[PDB]
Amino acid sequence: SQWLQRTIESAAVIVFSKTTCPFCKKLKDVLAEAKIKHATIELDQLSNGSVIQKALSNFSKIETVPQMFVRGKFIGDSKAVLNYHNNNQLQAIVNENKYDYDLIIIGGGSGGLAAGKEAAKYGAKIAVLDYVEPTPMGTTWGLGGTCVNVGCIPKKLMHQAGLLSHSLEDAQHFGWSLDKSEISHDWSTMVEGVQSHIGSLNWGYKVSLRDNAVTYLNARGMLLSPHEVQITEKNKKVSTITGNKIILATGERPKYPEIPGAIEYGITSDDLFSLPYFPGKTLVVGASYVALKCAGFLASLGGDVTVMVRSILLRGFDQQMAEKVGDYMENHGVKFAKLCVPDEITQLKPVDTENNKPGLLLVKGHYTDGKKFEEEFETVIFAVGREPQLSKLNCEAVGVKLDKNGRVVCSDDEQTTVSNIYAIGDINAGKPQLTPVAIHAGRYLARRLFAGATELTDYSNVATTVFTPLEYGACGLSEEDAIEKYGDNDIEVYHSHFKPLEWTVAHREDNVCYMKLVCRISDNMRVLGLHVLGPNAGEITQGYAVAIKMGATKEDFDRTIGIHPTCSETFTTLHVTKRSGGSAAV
């Protein structure tokens, strides 16, 4: 409509087609033959194809299909394009570009490359810029950004190492003759295994870009203008490349509290996953999910672990669930300094760089009542949040609006305040900071830009899992958010404790695993929020995310039959409401 204008202007190569057109087939065939990638709109498959079809004439003077366009320019019908092909002019035609690239992606984590690959599918010439600025202590890593190198992957693996600890304890109860008390964990062995897989993922990412004819540049990018990006390469060589669309996907880096010794002596999660030695007696500063995930596996690997909590656990998360996650960790080796903040870190012993041992630090802090905190630790980890650094990008002078937190202010289609610039992933203000969200948005946007797609990313009801020793899966609203949003008398919570069959013989807790469904009474008992604390919580939660996406109700869960025996089946037979005051025990 006007959709057509935008579509024709921004597509690199696009064919307007109908599935019942043998000339369309022929055209598509020669493009496949010539190995030319392009978008394709099948007008017969759109409810308004006829309107679009007629409207094509304003760009090409014709109303028939197929019609092929390259960067806003009409190239021809079937016969016209076959001529170019037979005459060896087509490659030049499809490669004619006023910019160096159709698309320049700044940042090589989860979002950018997902967007790059997707865009390259439709013939967009694409560059991905990635540069990893080292941690204060000099830690650096390869392509794939946060998740691949210092996030989801190493976390989950170390988490599993942690879980295997519990299985070692449990095996005796299942008839296995194993004394856990003569078994030790070797941190180095674990770290090598982890770093091995990461390195494979680094290369995987490189190869993947290469396989999609996406250009990878290991360089720091900076915006000079809406279409000009300055790059600084390893050799300190500086140059300029131009692009039509620009995607900002630079992610964030961990914050350090502004206290003496923090930068010099502490580490963050950025360093943890490649640490040469077991952290030893550890203080984790922070109470986000990263803080607790790390505290948890370190404890499970037999570390002496303290978690310093400024206010509450898992801000943003259902607070009942947060408390249970915390209570589980406290009962399984993790100590909490509640309502406490650090004031300084001092060094008592340096790292033992020739025996592979940590040093020793003195941490001074205070509780909210003014009482002093003072304790020794071999390692201090800061998990007090993450921040973007788009200052170095020259965003604002190029006209990109940032919010008070330094994040990019975007419309619902990822568009910044500069029309050809977009942002995805962690730097996109207000969006859930998860990897599959970055990837999903990245792919959807690329389709809107280069294939004429109109589907927006839906950021609502994005399921999550916190991989604490007892995992916490969640999809949708927290109880207190649903009550805030809809009022108490419109909210029903169905809940139940449960005990995994596996825990029974292993003599583990009754009534620690717990799940609930928060529901809107007025909306046919609509499922607003799903929450489960238990093993494999992520595998449990995922399937339900689809049902919730589809607008699942309590009746939809009830009418579904359980798989037995599983933890998950408990969601299909919940009946005790909180309002009833009935016991949720097993």
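Note that residue numbering begins at 1 and tracks the sequence as displayed.
Asker: Taking the mean of the C-alpha B-factors per stretch from the entry, tell me the winner out of 311-319 and 162-170.
Answerer: Mean C-alpha B-factor is greater for 162-170.
Asker: Could you check the entry and say whether 409-417 or 337-345 has the higher mean CA B-factor?
Answerer: It is 337-345.
Asker: Kindly indicate the residue among 79, 156, 71, 371 with the greatest C-alpha B-factor in the PDB record.
Answerer: Checking the PDB record, the top C-alpha B-factor among 79, 156, 71, 371 is at 371.
Asker: Out of 507, 281, 448, 495, whose C-alpha atom has the biggest B factor in the entry?
Answerer: Across 507, 281, 448, 495, the entry lists the biggest C-alpha B-factor for 507.
Asker: Please place residue 577 in the lowest, middle or highest third of its chain according to the CA B-factor in the PDB entry.
Answerer: Middle third.
Asker: Please place residue 557 in the lowest, middle or highest third of its chain according to the CA B-factor in the PDB entry.
Answerer: It belongs to the middle third of the chain when residues are ordered by C-alpha B-factor.
Asker: Classify residue 359 as lowest, middle or highest third according to the C-alpha B-factor given in the PDB entry, relative to its own chain.
Answerer: Answer is highest: the recorded C-alpha B-factor places it there.
Asker: Taking the chain's C-alpha temperature factors as the reference, tell me which third residue 41 falls into: lowest, middle or highest.
Answerer: Its C-alpha B-factor, which the entry lists for residue 41, ranks in the middle third among residues of this chain.
Asker: Lowest, middle or highest third of the chain for the C-alpha temperature factor of residue 403?
Answerer: Its C-alpha B-factor belongs to the lowest third of this chain's values.
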